[PDB]
């Protein structure tokens, strides 16, 4: 099943995964009745204010310090994937290969210099540490300082900003804190999933706050529903991994509300795909599916990063996304030590992950 098919075709196909949808509440069900005073539909739903089981956070069964290793893995792994994949950004698959942190790429980078993936992630992480919550205006201001003056860049300048992200900061500069836009499907690019790890670290104790912060962080620049929901799905994957679930548990299907292309990723369709059926474009659905695929088809952090980067095309974004998942799965301590050395600002990035990890608020009750 080709994720680029039309959503009418995908939706008819996806009926086989009706089971992955949470049931309506009693009240949403009434709102879907032809006649709410004369209900027709099953009336077994739970109350609208009640916590559904798919938001019940699994208690962390690994040691806290193992979770900490995985939280550091998620954020440092993002930057690692970023710095390796940039080498092949824009290149045709299999025309060139990368298998070490060598820099180069379109922006002629030194080894270990990361790009817009990590810069945006750092802005997001810093805004959490400052405000103690997702603060979209503060996050945008930090993004503005990165874009306009090179704050939080690996080499002093903003050099690789995505078009959708650029328009959002331009629109925010022009219209102020109440602006939202980039709602059209053209704008369903990578930039919000490639910066996701800090939200998952900060909300590691609350699936519901992960769900609420993940689409919100995306809307800072990207309001396409496929971007928002891809952040929620990745954020859930990171949560399960940071809290110690095996790859099998985390990559099995989860009950959660998702639009059909993200739902099909949740359902595991990539598990059956060959490399030449996996796309690595800047479309958020392609990127997310390729990252999941790269992690499912490798056994260690090193190999997951190299499989993703060597997909070519938007190799940068797929490796940064794979870096988040694989870093959460295998842990900071299993990232190759030579890569940590070359990675620019590696200590600062690991300490931000650690700070987010310890600041993580308690689950709501």
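Positions refer to the first chain, counted from 1.
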As stated in the PDB record, which stretch has the larger average Cα B-factor, 309-317 or 36-44?
36-44
Using only C-alpha atoms and the B-factors in the entry, which stretch averages higher, 60-68 or 324-332?
60-68
Criterion, highest CA B-factor; candidates, 146, 233, 159, 202:
159
In terms of CA temperature factor as recorded, identify the highest of 214, 227, 155, 239.
155
Ranked C-alpha temperature factor of residue 12 among modelled chain residues, by third:
middle
Going by the recorded CA B-factors, say which third of the chain residue 25 sits in, lowest, middle or highest.
highest
For residue 175, the third of its chain by CA B-factor is the middle
In terms of the CA temperature factor given in the entry, to which third of its chain does residue 209 belong: lowest, middle or highest?
middle
Temperature factor at the Cα of residue 90, chain-ranked in thirds, falls in the highest
